[PDB]
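Take a look at the structure set out below.
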Amino acid sequence: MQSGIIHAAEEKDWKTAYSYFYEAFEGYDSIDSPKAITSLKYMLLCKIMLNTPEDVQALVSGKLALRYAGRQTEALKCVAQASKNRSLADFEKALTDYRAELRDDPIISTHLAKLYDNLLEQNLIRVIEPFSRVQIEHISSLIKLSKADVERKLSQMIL
Amino acid sequence: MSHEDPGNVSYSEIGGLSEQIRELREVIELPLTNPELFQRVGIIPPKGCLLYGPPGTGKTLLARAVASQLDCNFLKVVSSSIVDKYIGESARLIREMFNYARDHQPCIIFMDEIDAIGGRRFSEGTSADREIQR
Amino acid sequence: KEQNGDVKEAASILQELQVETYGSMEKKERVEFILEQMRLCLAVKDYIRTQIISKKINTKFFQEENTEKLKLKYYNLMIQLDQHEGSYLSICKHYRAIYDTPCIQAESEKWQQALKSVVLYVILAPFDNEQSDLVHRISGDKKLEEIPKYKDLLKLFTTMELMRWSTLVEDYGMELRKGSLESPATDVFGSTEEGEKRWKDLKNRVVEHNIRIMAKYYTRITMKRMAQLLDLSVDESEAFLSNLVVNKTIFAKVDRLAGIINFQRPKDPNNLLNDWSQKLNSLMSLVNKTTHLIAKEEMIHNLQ
Ligand SMILES: Nc1ncnc2c1ncn2[C@@H]1O[C@H](COP(=O)(O)OP(=O)(O)O)[C@@H](O)[C@H]1O
């Protein structure tokens with residue numbers, strides 16, 4: 001478990017560390033509920049952070065996850081769904097709703113800020129796609145945010 | 001060694017080891033006649049069987065009775081006429097044996113007295129030993 | 001059956017289902033037993049297992065020929081699995097499958113409602129070539145004229161144009177509630193939760209129907225004339241084009257600071273000159289070749 005922890009601590013390999021979490025959970029399988037229950041948060045956190053969302057709902061849909069279903073895996077369900085749908089408001093909604101269940105990450109600052117800043121252009125790729133010559137106040141409306149940071153953000157995009 | 005063995009009485013002639021008589025049936029006759037059960041439990045059948053004991057226990061005789069059933073899809077080998085005078089020419093025989101046995105699907109191979117060709121190992125003895133071991 | 005089952009008592013059969021698939025499967029017993037549990041799965045409100053266990057069903061066909069009351073007649077219970085999500089095209093072939101049982105049992109009343117049933121949602125399926133041809137096969141039916149509203153439904157088929165949804169409801173408000181069979185239309189709009197979903201789906205069908213021909217016959221199109229030819233807010237038009245371009249089933253570009261938008265594609269001069277060479281080669285030299293030969297035949301037919 002703490003192999004995946006520190007191997008994911010620098011955010012360089014989000015696959016093998018996922019293998020450390022999977023291995024540690026398999027070790028905790030059917031012998032330690034409190035320790036096995038926490039592995040899912042980190043495995044699915046590393047998968048969604050890996051940008052492969054649907055296999056999260058697939059894993060929780062596995063029969064092994066049914067043994068260890070709960071409010072936390074449900075919290076990962078809505079998060080993976082909001083990430084899949086590319087919603088700046090769905091993600092904020094689940095973050096606000098399951099905040100106490102969400103605080104459990106040892107590092108919620110980088111893990112939430114990085115995924116969020118992913119979610120920005122995740123939103124922009126859909127909310128910018130259907131048009132070419134736009135006036136920016138409307139897109140600031142659809143994004144539901146100020147337009148200055150939108151200018152710097154999209155400028156970062158073309159740059 | 002294919003169209004050579006004459007007929008023989010069934011295993012009813014022999015006796016006294018019916019436990020083994022049935023026992024070979026599961027490794028040979030059953031897995032081809034009814035391969036379904038092996039799949040239902042999901043376990044691959046056995047592959048090869050060995051026979052050992054004092055001489056004249058009827059070891060050759062039992063194989064005679066077993067081959068007396070098929071009489072057409074049975075290969076027999078002395079395990080001693082395989083040697084030759086050349087360097088190769090002996091392994092190749094084994095090759096085409098397993099290739100013909102590959103040709104017909106339900107093939108039964110019999111080898112008596114492996115100890116001629118069997119051996120265990122030698123710390124660089126004679127070259128003919130190397131032909132044998134190869 | 002003693003306790004009449006429950007979630008748990010129905011869960012009891014769940015463990016011994018695939019057993020006699022390996023023990024031995026009989027075409028009149030193992031089928032009835034193997035379809036029996038999945039309805040209990042339906043009572044459990046479980047579908048992920050119901051479809052998996054059902055996958056053994058649709059490999060156990062080819063005995064409907066002797067099995068009348070059961071084989072083709074569980075499918076009615078199979079659209080309960082097909083019915084949960086929006087698989088409106090999945091049930092398309094389904095109701096044709098069940099379309100025969102009231103025809104083998106040649107009754108032509110339940111069969112009659114089978115006719116309307118199979119068709120009332122083919123429009124409700126998203127467009128595919130499988131829809132464009134299956135509408136052809138359902139077309140030309142020897143019993144299709146039994147539904148005189150099938151032609152009014154046929155107006156939605158080609159070049160759509162003025163199939164205004166207002167006139168649509170004005171022509172269709174009594175096929176929902178009124179009618180002689182009226183039951184598939186009840187499943188479409190009668191039930192509030194299902195019917196409502198199919199009101200919105202019908203809208204979906206309408207706007208999406210017209211957008212295609214718009215791309216067929218419009219170089220450019222003004223935002224206002226689009227909002228008026230769809231009878232809806234320009235914002236709503238923005239939604240309909242956005243969720244269809246992310247669908248990328250119809251490409252467009254909403255140039256919105258002027259509103260004028262196009263339905264076309266850019267042109268590589270490699271492509272343009274390629275097509276020019278195309279028309280010049282194919283339809284200039286070949287037909288030219290043919291005309292001279294018909295002209296030569298004309299001499300042989302007339303004066304030598
Ligand atoms: N139960 C038995 N019934 C009849 N004959 C037997 C029986 N057991 C042994 N024999 C005789 O003994 C011989 C067994 O020889 P074989 O099987 O070649 O043993 P080995 O290979 O040790 O020489 C057969 O030829 C057979 O006639």
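Chain labels follow the order of the structure tokens: the first chain is A, the next B, and so on; residue numbering restarts at 1 in every chain, and ligands are counted from 1 in their shown order.
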Fill in: Contacts of stretch 134-147 of chain A within 7 Å, only C-alpha atoms, excl. fewer than 4 positions in-chain, as a PyMOL selection string
(chain A and resi 151) or (chain C and resi 255-257)
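Around ligand 1, using only C-alpha atoms and all ligand atoms and a cut-off of 7 Å, the residues in contact are residues 13, 14, 15, 16, 54, 55, 56, 57, 58, 59, 60 and 61 of chain B.
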Dump of N, CA and C atoms for the selected residues, as a PDB file, in the first residue's frame:
ATOM      1  N   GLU B  13      -9.219 -62.840 -19.797  1.00  0.00           N
ATOM      2  CA  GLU B  13      -8.259 -63.923 -19.619  1.00  0.00           C
ATOM      3  C   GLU B  13      -7.384 -63.689 -18.394  1.00  0.00           C
ATOM      4  N   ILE B  14      -6.727 -62.538 -18.323  1.00  0.00           N
ATOM      5  CA  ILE B  14      -5.912 -62.219 -17.163  1.00  0.00           C
ATOM      6  C   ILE B  14      -6.815 -61.962 -15.963  1.00  0.00           C
ATOM      7  N   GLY B  15      -6.199 -61.896 -14.786  1.00  0.00           N
ATOM      8  CA  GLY B  15      -6.947 -61.596 -13.581  1.00  0.00           C
ATOM      9  C   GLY B  15      -6.020 -61.233 -12.445  1.00  0.00           C
ATOM     10  N   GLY B  16      -6.629 -61.008 -11.284  1.00  0.00           N
ATOM     11  CA  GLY B  16      -5.895 -60.761 -10.064  1.00  0.00           C
ATOM     12  C   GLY B  16      -5.467 -59.331  -9.835  1.00  0.00           C
ATOM     13  N   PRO B  54       8.105 -56.927 -10.844  1.00  0.00           N
ATOM     14  CA  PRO B  54       8.962 -58.062 -11.159  1.00  0.00           C
ATOM     15  C   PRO B  54       8.625 -58.629 -12.523  1.00  0.00           C
ATOM     16  N   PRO B  55       9.567 -59.318 -13.156  1.00  0.00           N
ATOM     17  CA  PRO B  55       9.271 -59.953 -14.442  1.00  0.00           C
ATOM     18  C   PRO B  55       8.166 -60.981 -14.302  1.00  0.00           C
ATOM     19  N   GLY B  56       7.417 -61.172 -15.383  1.00  0.00           N
ATOM     20  CA  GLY B  56       6.388 -62.185 -15.387  1.00  0.00           C
ATOM     21  C   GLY B  56       5.183 -61.872 -14.538  1.00  0.00           C
ATOM     22  N   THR B  57       5.023 -60.625 -14.108  1.00  0.00           N
ATOM     23  CA  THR B  57       3.775 -60.211 -13.492  1.00  0.00           C
ATOM     24  C   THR B  57       2.661 -60.030 -14.510  1.00  0.00           C
ATOM     25  N   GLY B  58       2.959 -60.194 -15.797  1.00  0.00           N
ATOM     26  CA  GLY B  58       1.966 -60.052 -16.837  1.00  0.00           C
ATOM     27  C   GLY B  58       1.979 -58.662 -17.429  1.00  0.00           C
ATOM     28  N   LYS B  59       3.108 -57.964 -17.287  1.00  0.00           N
ATOM     29  CA  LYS B  59       3.194 -56.596 -17.783  1.00  0.00           C
ATOM     30  C   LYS B  59       2.959 -56.538 -19.286  1.00  0.00           C
ATOM     31  N   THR B  60       3.727 -57.310 -20.054  1.00  0.00           N
ATOM     32  CA  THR B  60       3.487 -57.393 -21.487  1.00  0.00           C
ATOM     33  C   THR B  60       2.091 -57.916 -21.784  1.00  0.00           C
ATOM     34  N   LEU B  61       1.609 -58.852 -20.969  1.00  0.00           N
ATOM     35  CA  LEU B  61       0.332 -59.494 -21.251  1.00  0.00           C
ATOM     36  C   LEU B  61      -0.816 -58.499 -21.186  1.00  0.00           C
TER      37      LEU B  61
END
Within 10 Å of chain B, which residues of chain C show up when using only C-alpha atoms, listed as an mmCIF file with N, CA and C atoms, in the first residue's frame?
data_model
loop_
_atom_site.group_PDB
_atom_site.id
_atom_site.type_symbol
_atom_site.label_atom_id
_atom_site.label_comp_id
_atom_site.auth_asym_id
_atom_site.auth_seq_id
_atom_site.Cartn_x
_atom_site.Cartn_y
_atom_site.Cartn_z
ATOM 1 N N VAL C 19 -25.941 -24.846 -13.864
ATOM 2 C CA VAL C 19 -25.572 -26.200 -13.470
ATOM 3 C C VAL C 19 -25.875 -27.188 -14.588
ATOM 4 N N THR C 21 -26.840 -26.625 -17.566
ATOM 5 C CA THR C 21 -26.226 -26.305 -18.844
ATOM 6 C C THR C 21 -25.046 -27.227 -19.097
ATOM 7 N N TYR C 22 -24.349 -27.613 -18.026
ATOM 8 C CA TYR C 22 -23.291 -28.608 -18.095
ATOM 9 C C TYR C 22 -23.776 -30.011 -17.766
ATOM 10 N N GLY C 23 -24.796 -30.147 -16.922
ATOM 11 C CA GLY C 23 -25.359 -31.457 -16.665
ATOM 12 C C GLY C 23 -25.943 -32.043 -17.932
#
Item to complete: Identify every residue of chain C that has at least one atom within 8 Å of any atom of chain A, counting only C-alpha atoms, and report the result as a VMD selection string.
Response: chain C and resid 241 to 242 245 to 246 252 to 257
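Rounded to one decimal, atom CA of residue B:98 and atom CA of residue B:50 lie 18.5 Å from each other.
Residues in contact with residue B:91 at up to 12 Å, not including ones fewer than 5 positions away on its chain and judged by only C-alpha atoms, are residues 82, 83, 84, 86, 96, 97, 98, 117, 131, 132, 133 and 134 of chain B.
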Could the residues in this selection be saved with C-alpha atoms as a PDB file, in the first residue's frame?
ATOM      1  CA  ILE B  82      15.893 -47.852 -32.547  1.00  0.00           C
ATOM      2  CA  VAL B  83      19.697 -47.693 -32.559  1.00  0.00           C
ATOM      3  CA  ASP B  84      21.610 -47.679 -35.844  1.00  0.00           C
ATOM      4  CA  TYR B  86      24.824 -43.544 -38.249  1.00  0.00           C
ATOM      5  CA  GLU B  96       8.131 -39.456 -37.771  1.00  0.00           C
ATOM      6  CA  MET B  97       6.638 -41.727 -35.122  1.00  0.00           C
ATOM      7  CA  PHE B  98       5.132 -38.746 -33.308  1.00  0.00           C
ATOM      8  CA  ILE B 117      17.160 -46.219 -24.188  1.00  0.00           C
ATOM      9  CA  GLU B 131      23.911 -40.506 -29.497  1.00  0.00           C
ATOM     10  CA  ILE B 132      21.715 -42.365 -27.018  1.00  0.00           C
ATOM     11  CA  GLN B 133      21.109 -39.366 -24.759  1.00  0.00           C
ATOM     12  CA  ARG B 134      20.244 -37.185 -27.745  1.00  0.00           C
TER      13      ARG B 134
END
Discussion item. When DSSP is applied to the backbone of this structure, which of stretch 22-150 of chain C are assigned alpha helix (DSSP H)? Write them out as an MDAnalysis selection string.
Written reply: chainID C and resid 22:23 30:43 48:54 75:82 90:97 101:104 110:119 129:138 149:150
Worksheet item: So which residues touch stretch 73-78 of chain B within 9 Å, counting only C-alpha atoms, skipping near sequence neighbours fewer than 4 positions away, as a PyMOL selection string?
Response: chain B and resi 1-3+5+67+82+97+101+104+106-114
Item to complete: Would you kindly return, as a PyMOL selection string, each protein, DNA or RNA residue with an atom no farther than 10 Å from any atom of residue A:75, considering only C-alpha atoms and excluding same-chain residues fewer than 4 positions away?
Response: chain A and resi 41+70-71+79-80+94-95+97-99+101-102
Kindly save the residues from that selection, with C-alpha atoms included, as a PDB file, in the first residue's frame.
ATOM      1  CA  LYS A  41      -9.950   5.015  -2.992  1.00  0.00           C
ATOM      2  CA  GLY A  70     -19.931   1.757   0.500  1.00  0.00           C
ATOM      3  CA  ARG A  71     -20.165   5.532   0.651  1.00  0.00           C
ATOM      4  CA  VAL A  79     -16.562  11.541  -9.410  1.00  0.00           C
ATOM      5  CA  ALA A  80     -15.684   9.187 -12.258  1.00  0.00           C
ATOM      6  CA  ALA A  94     -19.735  15.880  -5.830  1.00  0.00           C
ATOM      7  CA  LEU A  95     -16.700  17.538  -4.232  1.00  0.00           C
ATOM      8  CA  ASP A  97     -21.397  16.888  -1.252  1.00  0.00           C
ATOM      9  CA  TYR A  98     -18.883  14.178  -0.297  1.00  0.00           C
ATOM     10  CA  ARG A  99     -16.268  16.582   1.056  1.00  0.00           C
ATOM     11  CA  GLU A 101     -15.643  11.522   2.541  1.00  0.00           C
ATOM     12  CA  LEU A 102     -13.309  13.369   0.137  1.00  0.00           C
TER      13      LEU A 102
END
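Shell of residue C:177 at 12 Å, with only C-alpha atoms counted and residues fewer than 2 places along the chain excluded, is residues 172, 173, 174, 175, 179, 180, 181, 182, 183, 184, 185, 186, 187, 188, 189, 190, 191 and 195 of chain C.
The two atoms in question, atom CA of residue C:77 and atom CA of residue C:28, are spaced 18.1 Å apart.
Compared by their closest atoms to residue A:45, and using only C-alpha atoms, the residues A:17, A:76, A:9, A:108 rank with A:76 nearest.
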